[PDB]
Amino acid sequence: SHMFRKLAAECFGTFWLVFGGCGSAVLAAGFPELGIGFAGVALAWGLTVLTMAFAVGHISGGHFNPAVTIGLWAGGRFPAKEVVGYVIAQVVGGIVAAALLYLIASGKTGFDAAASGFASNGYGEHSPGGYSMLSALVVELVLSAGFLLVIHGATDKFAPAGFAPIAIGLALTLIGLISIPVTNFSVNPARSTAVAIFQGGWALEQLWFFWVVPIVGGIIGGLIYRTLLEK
């Protein structure tokens, strides 16, 4: 099974993630009177990964996330060499979603990706609820780590075969349930990028945080499972 497809799967996967989990935020979360709120976005998030982990996890591993791929290298599950391909696939996928989405969102008067934020991840004054950078750090580091704690745990050799996608996608929804008000929900650098580019302002100015923190978090989780819990 040639590597062009893994990339293709990681690519489509991450697009699907950014199309659904950001679409929901942008189009449905706030819709007058019948909108899906944070709950529904958190759910949507999980489901993109549930669904695509099932659809192509059996191909690429089903990461859809730079922090996952990296954090998976840290846990000794993924090879050094293949990491850079995934992270690019992942990022490029996300961008294409952010555009098609951006274009879609544009068909309804009122739309302003700048003003509105375009589901871009922020901290401090750009925390959906005004949380400090410190809160943002703790929440993203704790939740990134746990995410990969859950990924490694669920894909453990001894862990019941197949359920992994439920275990993970749901994790993400849980993470969403928790973290939307602090970071607008991230733990996925490809995702913060995809829409940061289109918000094109502060979202681009803080974007680094949402590479650095979740990646380190992903390493911290990978090492917490690999050393402490595994073997």
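Residue positions are given as counts along the sequence shown, with the first one as 1.
Student: Report the stretch with the higher mean CA temperature factor, choosing between 26 to 34 and 57 to 65 on the basis of the entry.
Tutor: That would be 57 to 65.
Student: Mean CA temperature factor from the deposited coordinates, higher in 202 to 210 or in 35 to 43?
Tutor: Between 35 to 43 and 202 to 210, it is 202 to 210.
Student: When the CA B-factors of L143, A136, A89, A119 are compared as recorded in the entry, which is the largest?
Tutor: In this record, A89 carries the highest C-alpha B-factor of the candidates.
Student: Relative to the other modelled residues in the chain, which third contains the C-alpha temperature factor of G169: lowest, middle or highest?
Tutor: According to the entry, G169 has a C-alpha B-factor in the chain's lowest third.
Student: Within this chain's modelled residues, let me know which third the CA B factor of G107 belongs to: lowest, middle or highest.
Tutor: According to the entry, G107 has a C-alpha B-factor in the chain's middle third.
Student: Just say lowest, middle or highest third for the CA B-factor of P189 relative to the other modelled residues in its chain.
Tutor: Middle third of the chain for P189's C-alpha B-factor.
Student: Would you mind checking where the Cα B-factor of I178 ranks among the modelled residues of its chain, as the lowest, middle or highest third?
Tutor: It falls in the bottom third of the chain.
Student: Please place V84 in the lowest, middle or highest third of its chain according to the CA B-factor in the PDB entry.
Tutor: Within its chain, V84 is a highest-third residue by C-alpha B-factor, going by the deposited values.
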